[PDB]
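Shown here is one chain on its own, the form deposited in one PDB entry, set out as structure tokens.
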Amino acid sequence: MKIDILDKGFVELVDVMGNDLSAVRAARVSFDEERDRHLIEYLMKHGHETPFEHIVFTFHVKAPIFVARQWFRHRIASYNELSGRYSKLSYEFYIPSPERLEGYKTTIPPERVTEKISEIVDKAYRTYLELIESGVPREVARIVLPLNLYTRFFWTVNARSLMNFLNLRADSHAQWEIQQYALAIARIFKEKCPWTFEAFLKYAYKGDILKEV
């Protein structure tokens, strides 16, 4: 299962451990859908979230560094990112679409903003390649690359922690770009743990965009 985000990014499921029943089982400490469904809802409305920690996912994410810097602030998880200082960086940058400026009245046409961003990316990237060819080590040359440069990482997180992620990132106050990734994460999560997801939206979700998608 893979979901494309922004112009060249993505979120794909690598592996998963357990399902809704994993939480049920842990809550009873042992080893009827209606009996289980109801327990899941019971645990969710009373704030008993530890049972949901026994469900874990591993995602493979392709995102712009500026989205990554926000994403990595979630410490109750595991990460492994590509090493920019020990591998030639690919020519992958996030170039917003003109619809990204929609709502904002700017001095210049949104499509012009799109153009200026591409320009910087190119000059920056060329300077980079120029630096490497000259013999300047990667760890140094890449420091002139912009924040929209794409990076990839593996993310392992438990269900409780994932729900913490969505409360903060699947919300209109978060930057739009990461919101998009959050929706993708939300969808994959819903697929693997429908019961836990249903209950989350109803009693614990503090966000606002999932209640409308």
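One rule holds for the numbers: they count along the sequence shown, beginning at 1. In this text, the rigid core denotes the largest set of C-alpha atoms whose superposition between the two forms falls within 1.5 Å. Residues that one form lacks are left out of the comparison.
In what follows, reference is made to the form deposited in another entry, a form of this protein that is not presented.
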Superposing on the rigid core, which residue among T127, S78, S90, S118 shifts its Cα by at least 2 Å between the shown form and the other one? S90
Relative to what's shown here, the Cα pair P96 and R85 differs by 3 Å or more in the other entry. Does it come closer or drift farther? farther
Thinking of the 3 angstroms or more shift, are the C-alphas of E115 and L89 brought closer or pushed farther apart in the other entry than in this view? farther
If I superpose on the rigid core and flag every C-alpha moving 2 Å or more, which consecutive runs of 3+ residues come out between the shown form and the other one, in sequence order? 84-91
